[PDB]
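See below for the structure under consideration.
Computation of the quantities below employed the complete heavy-atom set of this structure, encompassing side-chain atoms and omitting hydrogens, waters and symmetry-equivalent molecules. All ligand and atom numbering here is 1-based and tracks the order in the structure. Throughout, a chain's letter reflects where its sequence line sits, starting with A, and its residues are numbered from 1.
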Amino acid sequence: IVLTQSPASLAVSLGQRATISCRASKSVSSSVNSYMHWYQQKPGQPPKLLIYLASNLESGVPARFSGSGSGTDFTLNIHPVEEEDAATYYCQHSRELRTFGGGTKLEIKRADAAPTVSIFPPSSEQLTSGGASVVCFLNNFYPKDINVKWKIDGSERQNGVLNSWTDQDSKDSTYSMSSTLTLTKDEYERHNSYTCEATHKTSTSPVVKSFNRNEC
Amino acid sequence: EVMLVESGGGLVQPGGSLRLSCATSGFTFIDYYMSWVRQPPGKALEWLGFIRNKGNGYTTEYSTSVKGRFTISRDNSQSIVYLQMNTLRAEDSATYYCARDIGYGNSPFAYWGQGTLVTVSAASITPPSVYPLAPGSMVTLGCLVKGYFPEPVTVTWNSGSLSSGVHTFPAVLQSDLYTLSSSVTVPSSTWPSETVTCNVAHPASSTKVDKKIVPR
Ligand SMILES: N[C@@H]1[C@@H](O)[C@H](OP(=O)(O)O)[C@@H](CO[C@]2(C(=O)O)C[C@@H](O[C@]3(C(=O)O)C[C@@H](O)[C@@H](O)[C@@H]([C@H](O)CO[C@]4(C(=O)O)C[C@@H](O)[C@@H](O)[C@@H]([C@H](O)CO)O4)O3)[C@@H](O)[C@@H]([C@H](O)CO)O2)O[C@H]1O
């Protein structure tokens, strides 16, 4: 027995209805009960039980979440979606072999948000240690589509760039990104201008942040 | 009331073995089934098995994927459930959760532990180097947390007093080593007037470091 989840990923604007399907490969109902559970999981947290026995709301859980279905076909309904709802949702067979479905990621849609870019040279204690990383943060933007190009003395640097996104923010619905240019102290010290350029739809040209090492 | 608290997670070499525990309180432990559930980083939840209550003789059930390799057992006098894992491989690398399963008229998986991260690799345990990120209306400071293994680290700012305006990014693997950055935005009317310090913890190597964010 396998549980299959609908879109796997879903975007819904604030205030509107989100609908997550779950299909079981075999009936999970008896005459009396439908053995389906629904969970919510936020990054770095355990799952949280929302719905037990297919249609009962767990104690403590807000009434915008509801479940339904029987046999093989099931639904989680979130209405109105709020910002805190940004999360992954799992259905599960709540008896026998207790199978989990694969998850549906819920994205909260919102107005575009321009990134706030900050660039950071190597810390002088890191230089003392023999390393060098140029870090720039691209914060609180939407949509999640973004890219960073690095320029050392005018030319683009492709290798040694580490990118990392936050999960969608629970409060304001934005994404954040960290772009770390990893470098040997050797190459750091042999070049002068360091640039990170963020390409995002909120601007017709790259949001550019720069420094010169000799000017530090 | 109800609390499930795990430990025992960490680094283990391929082919190795490990025992995680899960300490419970706030319910009658012996009358409840207990489950173990795992989640590889970025992937779906996977049910691993349960051990039954006193009524059913503390017998055990496992998923097809871990039968004969993993063992669930319980210390009823102390209210701990265990998961003994042998012959570990790459794919076993996950966050491992215990959860209260069925007992009394109750639904399973209402209560979960915070989870513990198990990592299986040949790579050694390395402490992080923790570097301050200082600049060149609101001001963004950061901490780079470089060259550590294995996960997790935890990062707070001002020992927890600063929480909003924080973006701690997920770690990235670079050739056996993890790199992570945290970011904090505060009003410039409070920096550097009032101090800002990042607190980084690496339990896997008893490291606990504070970095005062000092201007350049
Ligand atoms: N009259 C109800 C009957 O209709 C229910 O089942 P149907 O939907 O008609 O098929 C029945 C459901 O009971 C269970 C269940 O899922 O079977 C089990 C309940 O727990 C007891 C119990 O009867 O009170 C007590 C437990 O200590 C166990 O002994 C179980 C059961 O005997 C064994 O349970 C397991 C097992 O392997 O140990 C795990 C279960 O989750 C389930 O997988 C069962 C199998 O169905 C085989 O029986 O095996 O029985 C409750 O957990 C109950 C739940 O509260 C329903 O919401 O589900 O309950 C009748 O009252």
Side-chain angles (χ1 to χ4, degrees), chain A residues 1-4 22-40 46-61 65-76 90-101, chain B residues 1-2 4 22 24-38 44-77 79-84 96-113:
Chain A
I1 163 122
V2 161
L3 311 207
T4 298
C22 183
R23 163 169 93 272
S25 56
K26 156 195 162 206
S27 181
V28 295
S29 301
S30 67
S31 302
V32 177
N33 289 331
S34 293
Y35 299 91
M36 186 62 78
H37 280 194
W38 284 99
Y39 303 90
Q40 180 192 66
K48 180 184 175 183
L49 188 54
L50 303 174
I51 305 291
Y52 67 96
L53 287 162
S55 52
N56 309 309
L57 189 62
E58 253 300 289
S59 169
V61 172
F65 301 97
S66 66
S68 71
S70 44
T72 55
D73 301 290
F74 302 85
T75 299
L76 182 65
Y90 294 95
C91 59
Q92 188 214 20
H93 184 33
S94 62
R95 69 167 178 179
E96 295 162 21
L97 291 180
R98 284 147 168 75
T99 309
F100 283 96
Chain B
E1 284 200 14
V2 177
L4 322 184
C22 163
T24 79
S25 61
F27 60 101
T28 311
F29 178 80
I30 58 164
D31 286 330
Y32 278 85
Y33 287 37
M34 294 298 291
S35 262
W36 282 98
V37 177
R38 80 180 177 189
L45 296 165
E46 200 198 10
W47 176 79
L48 293 173
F50 59 59
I51 181 159
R52 302 193 166 81
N53 61 8
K54 202 206 211 316
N56 292 259
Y58 301 124
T59 180
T60 66
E61 195 78 15
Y62 306 96
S63 56
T64 300
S65 67
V66 297
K67 264 211 189 292
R69 209 159 61 83
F70 290 3
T71 284
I72 309 160
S73 80
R74 62 195 295 161
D75 179 327
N76 292 124
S77 57
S79 314
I80 327 300
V81 54
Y82 304 98
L83 169 69
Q84 176 69 235
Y96 282 84
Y97 297 95
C98 65
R100 213 185 65 184
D101 205 299
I102 63 176
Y104 304 153
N106 299 338
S107 283
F109 301 95
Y111 302 90
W112 293 71

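- Scanning all protein heavy atoms for the shortest distance to atom 41 (O) of ligand 1 gives A/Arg98 NH2, 3.1 Å.
- Protein heavy atom at the shortest distance from atom 17 (O) of ligand 1 is A/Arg95 NH1, 3.4 Å.
- In this structure, atom 59 (O) of ligand 1 has no protein heavy-atom contact shorter than 4.0 Å.
- The shortest N or O to N or O distance between A/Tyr35 and ligand 1 is below 3.5 Å.
- Nearest to atom 9 (O) of ligand 1 among the protein's heavy atoms is A/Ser30 OG, 3.5 Å.
- When heavy-atom distances to ligand 1 are checked against a 4.0 Å cut-off, B/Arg52 comes that close only through its side chain, counted from C-beta outward.
- Seen from the ring of B/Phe29, B/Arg74 counts as a face-on cation partner, given the 6.0 Å and 45° thresholds.
- Closer than 4.0 Å to atom 15 (C) of ligand 1 lies at least one heavy atom of the protein.
- Looking at atom 43 (O) of ligand 1, its nearest protein heavy atom turns out to be A/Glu96 N, 3.0 Å.
- For atom 4 (O) of ligand 1, the protein comes within 4.0 Å by at least one heavy atom.
- For atom 29 (O) of ligand 1, the closest heavy atom belonging to the protein is B/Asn56 ND2, 3.3 Å.
- Scanning the protein for heavy atoms near atom 35 (C) of ligand 1, the closest one is B/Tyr33 OH, 3.8 Å.
- Looking only at heavy atoms of the protein, atom 20 (O) of ligand 1 is closest to B/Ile102 CD1, 4.2 Å.
- Contacts between A/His93 and ligand 1 below 4.0 angstrom, taking non-hydrogen atoms only, are absent altogether.
- Heavy atoms from other residues, nucleotides or ligands lying under 6.0 Å from NZ of B/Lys67 number more than 12.
- Within a 4.0 Å radius of atom 33 (C) of ligand 1, the protein contributes at least one heavy atom.
- Taking every heavy atom of A/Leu53 and a limit of under 4.0 angstrom, the matching atoms of ligand 1 come to 57 (O).
- Checking atom 49 (O) of ligand 1 against the protein gives no heavy-atom contact under 4.0 Å.
- Cation-pi geometry between A/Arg95 and A/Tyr35 is met: under 6.0 angstrom from the ring centre, within 45 degrees of the axis.
- With B/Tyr97 as the aromatic partner, B/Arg38 does not meet the cation-pi criteria of under 6.0 angstrom to the ring centre and within 45 degrees of the ring axis.
- What sits closest to atom 55 (O) of ligand 1 on the protein, heavy atoms only, is B/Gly105 O, 3.9 Å.
- Proximity of atom 1 (N) of ligand 1 to the protein is not indicated, since no non-hydrogen protein atom lies closer than 4.0 angstrom.
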